[PDB]
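Following this are structure 1 and structure 2, which are two forms of one protein chain, each written alone as structure tokens.
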Structure 1
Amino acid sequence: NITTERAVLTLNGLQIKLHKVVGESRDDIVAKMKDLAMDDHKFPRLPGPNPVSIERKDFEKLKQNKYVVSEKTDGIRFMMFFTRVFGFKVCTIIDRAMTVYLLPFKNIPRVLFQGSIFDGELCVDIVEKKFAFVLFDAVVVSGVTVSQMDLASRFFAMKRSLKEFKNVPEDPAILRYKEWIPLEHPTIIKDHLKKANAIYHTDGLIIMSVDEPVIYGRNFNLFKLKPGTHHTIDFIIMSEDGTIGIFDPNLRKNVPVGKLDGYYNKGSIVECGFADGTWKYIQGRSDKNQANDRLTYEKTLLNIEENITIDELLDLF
């Protein structure tokens, strides 16, 4: 059988009970995905890109090349993976740390089970108060490697495979498709970004290359933008007086980086925002025991300083 364990994910006030696939069953699915996606990176990872924050330096690049833009859905990143394990057709969703859950839909076409790797976001539809799975892109469709084709081709492949799929009310996530809008259509982007934020929780915008193949991992040419200056970091309290630290993952030592005004419990993780020269407390995170790492800190500082906005960026076009 596939060894399961149950688990519940909470997003936006709503929760989904999923079977987390465990042990050797998890390991087989992962290995299957690694094969299908032809990924020979020695460290386990989803076959899809992780964005970089836009910087002022990239504005040139965007002006020379072709790019699409979309809302940055706030949810959990999942690679959706159709396959067969032990002869059985299995629809998995796998997260960035390579945690597998089954997510079953009644009417998935059997072609999909020849091997389909789609990328997306499990998220909540605000209007409907149900979960949605929003597809960004496809890497392999019905055994056919689509990743080296350009974006429209991949969507053409993905949308073809699902042409006959209909979601039934008892399915756990409504499947939906990211509507990608060309960066040279600002009025079409804004409207799309207005209508999108009626259905979903977003965290800005994603800007993606119209034609490059799929990148697995950090994609220096996939840019995210956070609306305005509202970036945060998690520090660890290194002293009861609020010396905040940031984690150096290769020292595995927390480095003293600032101080907060207040009394704090040493060892706690505080989410802080920058304002007027200092970090300010926003919320304590009882769910974390680790601060963010130096690179996220060094990068977030640059972002705060650059203060790119959605309106600057949308005005460039």
Structure 2
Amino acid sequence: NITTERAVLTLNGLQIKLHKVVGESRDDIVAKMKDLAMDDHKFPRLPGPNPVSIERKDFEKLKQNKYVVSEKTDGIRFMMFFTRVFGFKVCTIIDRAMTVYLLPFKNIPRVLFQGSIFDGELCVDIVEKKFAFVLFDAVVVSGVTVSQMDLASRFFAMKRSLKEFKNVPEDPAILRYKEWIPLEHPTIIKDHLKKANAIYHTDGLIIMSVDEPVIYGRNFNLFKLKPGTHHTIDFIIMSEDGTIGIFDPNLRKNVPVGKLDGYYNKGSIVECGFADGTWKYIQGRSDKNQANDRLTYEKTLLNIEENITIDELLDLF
């Protein structure tokens, strides 16, 4: 039976009240989304791509091939999944943790429930002070497995399925679509950004291929560019005195890599920022047990070094 507990999400000061599916219901809805998005990945994950941080080396590849660019909305990622379950026409949004919420809307055209997986962001519309779901991309429309098309194919695929659909005040989240600009349109992009920022919280640009089929996982060819004070690592407290370490797989240990200042609990996981030659404490992470691995530390440093800027991106092209 669809078994829901209540829940609330809170974003940028506002609260949404939704129905978390729990129990065998959560599992099926997830399982169904396995089978539709045809993901034979041993372990559970949204059928979605994960961005990676742009680094200098990338520009070459950006200069050659065809990419769109967009606002990195500051929101919660979620896979929107429309399905019928046991006779209930159901609209579910899925968190990265395979957490499932009913996000229902009046006007969802019956066909969507045939099997639609679109990929988008939950976030808060600064203007209405209302919630929105911005649609990035899409993987299956109404049974039509669109993963392998090109982006735009996918985007219109999405666009016209929801064409007749209209939003009603009562509805939980305004649907909207991500306006994806082509890289070679710098002036456009800037303005697009300065438009988007006025309505939503952003964290820089996302840079996606125009042409590759949907990627499930770490998508080394999905870029993020993120204003670089928001680069963090979770170290482990290796010493009362605040020596912090990181994990090194081939050596299999945690290795000291910095010293925080003062007095800290050994074996804590602490989220830290970098500035002025040094890492600084931000908050504890009781919720971890694992520092980041060496690579990540390396990469984030590399990244904090380069201080690649939005303009550096939107000037090359």
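Structure 1's sequence is the ruler for residue numbers, which start at 1. In this text, rigid core is short for the largest set of C-alphas that superpose within 1.5 Å between two forms.
**From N65, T278, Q283, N50, residue displaced between the two structures - CA threshold 2 Å or more, rigid core** = Comparing the C-alpha positions, the one residue that moves 2 Å or more is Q283.
**Request:** Determine, after fitting the two forms on their core, whether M238 shows a C-alpha shift of 2 Å or more between the two structures.
**Result:** Yes, the C-alpha moves 2 Å or more.
**Message:** Using the rigid core as the reference frame, would you say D40 shifts its C-alpha by 2 Å or more between the two structures?
**Reply:** The answer is no; the displacement is under 2 Å.
**Message:** Superposed on the rigid core, does the Cα of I29 end up 2 angstroms or more away between the two structures?
**Reply:** Moves: no, less than 2 Å.
**Request:** Taking the rigid core as fixed, quantify in angstrom how much the C-alpha of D293 shifts between the two structures.
**Result:** With the cores aligned, its C-alpha sits 5.6 Å away.
**Asked** By how many angstrom does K163 shift at its CA between the two structures when the core is held fixed?
**Response** It moves 0.6 Å at the C-alpha.
**Request:** Once both forms sit on the same core, give the Cα displacement of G258 between the two structures in angstrom.
**Result:** Core-aligned C-alpha shift comes out at 2.5 Å.
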